[PDB]
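Shown below, as C-alpha cells, is a lone chain in the form deposited in one PDB entry; questions about how it binds or moves come after it.
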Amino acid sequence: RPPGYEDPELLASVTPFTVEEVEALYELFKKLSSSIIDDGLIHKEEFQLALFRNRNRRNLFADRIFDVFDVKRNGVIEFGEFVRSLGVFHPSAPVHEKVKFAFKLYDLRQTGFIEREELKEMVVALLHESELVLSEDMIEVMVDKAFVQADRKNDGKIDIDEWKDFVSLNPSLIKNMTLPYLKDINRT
C-alpha cells in the first residue's frame, strides 16, 4: 500500500497503454530504476546502462532522451514520467505529441528553438542511422538547404511552428518517434 505508488488505471487512462500494459511497464521500470541505487528512480547513470544494454534509440542522445523523459524538471525519471514518455512513441499516440517531443529532442542546448548547429548534428545522426556517412561539404549544403526551408520567419532559428511546417514536408524526421513493438508488448 506503498510510497511512490500510482494506480495503473491512472496512467492507463492518459496514455495509449492499458492497465495490463501499464502494470507490465512497472516490471520494466523496477529493473531500470534499481540497477545502481534502489530508490524507485531512474538516475541518469542508470538510463545510460539500460540504453547501452537493451538498445533502444541512441547513445549520444541518451542525454537528450533522458532530458525530455525528465518532464517535471528535477533530474530523475519517475515511473509516471517514464510511462508517459514511452507512451509518446506508441503507434496510436497523437502526432502532435510526437512532433513536440521530437522538437524538444533537437533543441540541443535547451533554449526554446532549433539553431543551425543543432539541425546539423541532427541531420548527421539521422544519416548515420540509415548507414550514410557523408562528406563535411555534402553535409553543410544539405543543412543549409534544410535550414532556410525551415527558418520561414527569417531570423536564424527554428521555432515550434516553423518546425511543424518543416516536418509536414519532411515526415521522416519523426520516423523514430514511433516504436511498433509497443502495440502489444513482449515479456522478458
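By rigid core we mean the largest C-alpha set that fits within 1.5 Å across both forms. Numbers follow the displayed sequence, beginning with 1.
Stretches compared: 42-50, 115-123. Higher mean C-alpha B-factor in the entry: 42-50. For the pair 59-67 and 124-132, the record assigns the higher mean C-alpha temperature factor to 59-67.
When the modelled residues of the chain are ordered by their C-alpha B factor, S92 lands in the middle third. Among all modelled residues in this chain, the alpha-carbon of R73 has a temperature factor (C-alpha) in the middle third. When the modelled residues of the chain are ordered by their C-alpha B factor, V83 lands in the lowest third. Annotation for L108: C-alpha temperature factor in the highest third relative to the rest of the modelled chain, per the entry. In the deposited entry, the Cα temperature factor of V143 places it in the lowest third of its chain's modelled residues.
The same protein also has a form deposited in another entry, omitted here; what follows describes it.
The Cα shift for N56 between the shown form and the other one, taken after rigid core superposition, is 2 angstroms or larger.
For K120, a C-alpha deviation of 2 angstroms or more is recorded between the shown form and the other one after rigid-core alignment. With the core held fixed, the Cα of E140 is displaced between the shown form and the other one by 2 Å or more. Whereas the displayed form keeps them at a certain spacing, the CA atoms of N54 and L49 lie at least 3 angstroms closer in that other deposited form. Wider separation of the C-alpha atoms of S168 and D137, by 3 angstroms or more, is seen in that other deposited form than in the present form.
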